[PDB]
Amino acid sequence: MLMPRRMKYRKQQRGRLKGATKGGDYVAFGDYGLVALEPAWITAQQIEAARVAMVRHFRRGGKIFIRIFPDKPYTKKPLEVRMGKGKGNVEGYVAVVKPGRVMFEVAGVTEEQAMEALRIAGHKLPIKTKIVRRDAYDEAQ
Amino acid sequence: XXXXXXXXXXXXXXXXXXXXXXXXXXXXXXXXXXXXXXXXXXXXXXXXXXXXXXXXXXXXXXXXXXXXXXXXXXXXXXXXXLXXXXXXXXXXXXXXXXXXXXXXXXXXXXXXXXXXXXXXXXXXXXXXXX
Amino acid sequence: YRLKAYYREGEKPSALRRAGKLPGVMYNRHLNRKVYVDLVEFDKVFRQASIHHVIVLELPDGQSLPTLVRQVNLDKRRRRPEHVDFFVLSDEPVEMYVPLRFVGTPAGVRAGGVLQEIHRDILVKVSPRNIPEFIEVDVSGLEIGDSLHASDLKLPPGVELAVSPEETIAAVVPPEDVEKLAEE
Amino acid sequence: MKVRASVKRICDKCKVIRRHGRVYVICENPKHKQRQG
RNA sequence: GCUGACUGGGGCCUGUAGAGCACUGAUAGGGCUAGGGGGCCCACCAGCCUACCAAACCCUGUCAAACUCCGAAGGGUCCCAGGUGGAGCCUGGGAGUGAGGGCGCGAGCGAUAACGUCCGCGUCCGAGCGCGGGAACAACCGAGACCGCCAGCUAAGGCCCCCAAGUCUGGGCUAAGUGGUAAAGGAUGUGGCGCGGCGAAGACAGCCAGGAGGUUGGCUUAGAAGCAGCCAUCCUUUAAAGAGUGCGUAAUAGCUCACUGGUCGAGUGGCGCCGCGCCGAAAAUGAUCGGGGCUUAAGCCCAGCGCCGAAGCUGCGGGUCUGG
RNA sequence: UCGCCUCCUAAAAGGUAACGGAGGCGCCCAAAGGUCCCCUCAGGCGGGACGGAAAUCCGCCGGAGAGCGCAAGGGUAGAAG
RNA sequence: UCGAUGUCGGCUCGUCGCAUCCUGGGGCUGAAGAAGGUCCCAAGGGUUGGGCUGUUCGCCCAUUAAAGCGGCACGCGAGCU
Ligand SMILES: [Mg+2]
Ligand SMILES: [Mg+2]
Ligand SMILES: [Mg+2]
Ligand SMILES: [Mg+2]
Ligand SMILES: [Mg+2]
Ligand SMILES: [Mg+2]
Ligand SMILES: [Mg+2]
Ligand SMILES: [Mg+2]
Ligand SMILES: [Mg+2]
Ligand SMILES: [Mg+2]
Ligand SMILES: [Mg+2]
Ligand SMILES: [Mg+2]
Ligand SMILES: [Mg+2]
Ligand SMILES: [Mg+2]
Ligand SMILES: [Mg+2]
Ligand SMILES: [Mg+2]
Ligand SMILES: [Mg+2]
Ligand SMILES: [Mg+2]
Ligand SMILES: [Mg+2]
Ligand SMILES: [Mg+2]
Ligand SMILES: [Mg+2]
Ligand SMILES: [Mg+2]
Ligand SMILES: [Mg+2]
Ligand SMILES: [Mg+2]
Ligand SMILES: [Mg+2]
Ligand SMILES: [Mg+2]
Ligand SMILES: [Mg+2]
Ligand SMILES: [Mg+2]
Ligand SMILES: [Mg+2]
Ligand SMILES: [Mg+2]
Ligand SMILES: [Mg+2]
Ligand SMILES: [Mg+2]
Ligand SMILES: [Mg+2]
Ligand SMILES: [Mg+2]
Ligand SMILES: [Mg+2]
Ligand SMILES: [Mg+2]
Ligand SMILES: [Mg+2]
Ligand SMILES: [Mg+2]
Ligand SMILES: [Mg+2]
Ligand SMILES: [Mg+2]
Ligand SMILES: [Zn+2]
């Protein structure tokens, strides 16, 4: 999958999901990008499932830029166990994405391709998405 | 009207040497007969007697922006203008007169011509060959 | 590129937009006024104007002063403009972003790879009067390996730069085909 | 391809109709025939 | 005996929200560059190349309860002021209580499941299962019931009948009974904004004609002729016709659409939004939004006048507890 | 699991729970105490006999990242080292 | 609900759901026909007898148009066992 190589703490509280995006709202790298429209924990297996979908659509071509990173520990208690006895074990890792974050984005591929490519990856994600392309993203001078 | 602008501009410039500007019939041909008709007074008149077709609309505006109305007898419908800036006007016609009678079409298909300014006629085309 | 502006006294910015306008501001050494522009109209300009070309504003005083966007703040969600910063041009030397027009088919593409345009601009200081349009760039020749950058561009008359200039501006990276899964 | 939740066109000769209050996909080639359910 | 809660003005104490990487760690790509596969290798003296691995470091993008260069709102406390309250403070007598619960918000746990669980502030129930609304219903909305009245104004919620009061007045929306409660996801459902593109030098649809020569473009174990992956990525005679839009041959053939001629001779296709609706939608005794029923509404949205409506508030009479 | 210490959870005073998250203590020092006087680190880059990539040296550059008996935090070179 | 709500399986007796096993309608089929597959509509009525195990369940035997899956305090002990 995709996950941190080291850590200071193996497990962490759940935290909340209010707010916009904090950052990562403009294209920055490629020509097109997939933006999140709802709050959600995107799991490593979801990210992978999307990325492969990408590389799979446009076989041998362009560059894909995964911009979200699963570094937050997802926990789960053993099958059929009661409440108590301490915190559960790490089942996987997630990426906390809030409305507006540009999760993925492609480069070096025909427009038509960028579309169907990003559309598919959307389906793999557990939230509503929107495709876009460089615009007022030139945050400069 | 951005591409049609160049179209008319070109028709006019070409409509300059008005010596054999004629318009007749023998249509409904294939693409194989394309290079055919396009060989009449081109193998005796050279790059002087050619056959170019364009929008009737844009064509009827050309004749206005440079006197040559009277094309009322012949105007409506799908038409072609066998422009001949050089090479015998009556000779470049003695061609379009045969190929037509050859491609299987009665001696009835000639919609007037303008020889160096002069409204020809219908039957006045069956003679421009003989 | 003509874009009209209007003055703002000091009434709820939330209203301006809940209307159809886009609040903003004008400034440089001297002068700094709260202004605004029609949203749907400012967008049509910026789409091409961007921050690479000078946006000539106006006002009631019929004073068409030249400027260029210093920064546009977005809405994060809804992702649309929410405020603009207009920099009024003078005669003084100013630093701006001039678009890099990478022209040519890099040998690395036909071969194997994608032209990742690391930097589609480059802040450079210059004279308002003398503002370039686009700094062309020689891309052909770049193979799969590393790629040209920063200190490798034809800097027009009176236009140096505020870069490293080691800052890589482009690089050809091999393409991604098949064969995946490394964690067996 | 008959009764699904996602009814689209599949091919240039497929036309999206709507009768009996439902969305049907009508087309020359019988397979593409769809509904919604 | 004015010091109370609460409040105004000062002074600081602080590190949450947020944000941000300067610290501690986590981070994707790129550059540069110790190494190490290894590579041309003139062979020890270095060396050169590398769409692999890859430090440190810089650039672009980010991440944190146990990160913080930074940092609110607020909160705490002291001082000066308001504040006469079943306020406070001091001493003593009598206790009961030490199973709490729901709701909101901030965290943990949980699986951001539970009429779950554990803390934090608040609030109600508890003890207000007294009253009005919510069909019914401890804790949702309204409101703190001393007693009496065949008087009055209101609250929430209502004003077609059940059922007290508008079948009220203007502008819209919906056509499903949506309203009367589910998602991703679909769709020429309706209505309204946009912004571009084409069109009376004739667009859009339909119809009529053409839709060609380079040649079956090169490349494939069978073959691949416009229709499996690439280079060059173009030419020709042209009104206009691709090294081709689907259908289709084993492959050709065939039928098509890209484009334009021409009739016709007024608008017409593209996408981005917003409102309300359609499908998506299967569970167990008999059904229904509480019922009847309701469609320019008796639904939804937005203005307005007016009424109904509690044990709340007035009016009238009475009792009682404090203080003066 | 049961007492004690550090950090978080703890909602920027204090306090605050759960079989919540993550680590320590049940010692030690006669110098690791008192006072007086001096001294300033870690690393980075050079240059260096054996010298790993830190032995000890030399030269710049370096406000603290070193050190402070042991956990963690706070603190600290204008010293607590 | 612990000042008591008898607990598995069978028997008996039904009744309901539909996410349909058969039967009836129908679309697509890689549907020639016949026989299938799949999806949509549809419970009106049907949905066998045995061997083994307390069994539910399953595995077999022999048939069948079919030998459906679930609910009713895992229906039914003031009805039986
Ligand atoms: Mg006082
Ligand atoms: Mg006080
Ligand atoms: Mg105060
Ligand atoms: Mg913090
Ligand atoms: Mg935060
Ligand atoms: Mg204060
Ligand atoms: Mg009291
Ligand atoms: Mg007492
Ligand atoms: Mg207790
Ligand atoms: Mg309890
Ligand atoms: Mg308790
Ligand atoms: Mg309480
Ligand atoms: Mg409690
Ligand atoms: Mg409480
Ligand atoms: Mg909870
Ligand atoms: Mg509870
Ligand atoms: Mg709860
Ligand atoms: Mg407790
Ligand atoms: Mg109370
Ligand atoms: Mg009550
Ligand atoms: Mg009761
Ligand atoms: Mg009540
Ligand atoms: Mg009630
Ligand atoms: Mg009272
Ligand atoms: Mg009244
Ligand atoms: Mg009211
Ligand atoms: Mg009434
Ligand atoms: Mg719905
Ligand atoms: Mg939806
Ligand atoms: Mg109305
Ligand atoms: Mg009263
Ligand atoms: Mg009294
Ligand atoms: Mg605290
Ligand atoms: Mg606090
Ligand atoms: Mg000493
Ligand atoms: Mg009893
Ligand atoms: Mg059914
Ligand atoms: Mg059959
Ligand atoms: Mg049954
Ligand atoms: Mg019984
Ligand atoms: Zn079809």
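Header entry for method reads X-ray crystallography, 3.0 Å.
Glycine is treated like the rest: Cβ placed from N, Cα and C.
Here's what Swiss-Prot has on this protein:
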- D:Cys11, D:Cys14, D:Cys27, D:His32: Zn(2+) binding site (BINDING)
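Structure coloured by features recorded in Swiss-Prot.
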{"residue": "D:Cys11", "record": "Zn(2+) binding site", "CB count, 10 Å": "11"}
{"residue": "D:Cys14", "record": "Zn(2+) binding site", "CB count, 10 Å": "16"}
{"residue": "D:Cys27", "record": "Zn(2+) binding site", "CB count, 10 Å": "19"}
{"residue": "D:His32", "record": "Zn(2+) binding site", "CB count, 10 Å": "18"}
- Taking the center of the Cβ atoms of D:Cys11, D:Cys14, D:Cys27, D:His32 at the recorded Zn(2+) site, which other residues in this chain have a Cβ no more than 8 Å from that point? D:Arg9, D:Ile10, D:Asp12, D:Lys13, D:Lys15, D:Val25, D:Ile26, D:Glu28, D:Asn29, D:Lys31
